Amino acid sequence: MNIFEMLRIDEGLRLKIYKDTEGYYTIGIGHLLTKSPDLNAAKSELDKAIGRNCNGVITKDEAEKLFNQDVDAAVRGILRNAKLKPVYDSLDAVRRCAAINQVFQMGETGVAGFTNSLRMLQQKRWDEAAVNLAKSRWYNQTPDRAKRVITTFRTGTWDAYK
């Protein structure tokens, strides 16, 4: 297991424009196109992202290319963020994957609400952190995925991903 395999499980792979769990147009392996309800705006974002007229459909290789860009940018964003970097760098590599997963899903603005959890994670109070992480809109809206990510934060193992 690694961050790619982990996110592939949590996000799936779809080659045609679909709506994510929040109702937002998306493609590939959780590549958000736009929060706009305009399908045409979504198709334009897709064409911009791929560099060709896709008419709402991409290939597996194209999906994987966006995925690599998205994972990389998520990590680089964490490192640029003064509130996230110290906590991230305090973690072991497996727990860092849980961090990347969380930011990939909810963005840095979503993780902004997790200040208290992040503190407990930095303190390595793993059971307390796990309890605090579940007291969230995140957990209530996507509980089965959040349970896996939280188990990863709690244990520093990949037990939840097989």
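In this text, residue numbers run from 1 along the sequence as written.
Q: For the C-alpha atoms alone, is the average B factor greater in 28-36 or in 96-104, going by the entry?
A: Result: 28-36.
Q: Between 107-115 and 131-139, which has the larger average Cα B-factor in the PDB entry?
A: Looking at the recorded C-alpha B-factors, 107-115 comes out higher on average.
Q: Just say lowest, middle or highest third for the CA B-factor of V87 relative to the other modelled residues in its chain.
A: CA B-factor rank for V87: middle third.
Q: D61's Cα B-factor: lowest, middle or highest third of the chain?
A: Highest third - that is where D61 ends up once the chain's C-alpha B-factors are sorted.
Q: Would the CA B-factor of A41 place it in the lowest, middle or highest third of its chain?
A: According to the entry, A41 has a C-alpha B-factor in the chain's highest third.
Q: Using only modelled residues of the chain, where does the Cα B factor of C54 rank: lowest third, middle third or highest third?
A: According to the entry, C54 has a C-alpha B-factor in the chain's highest third.
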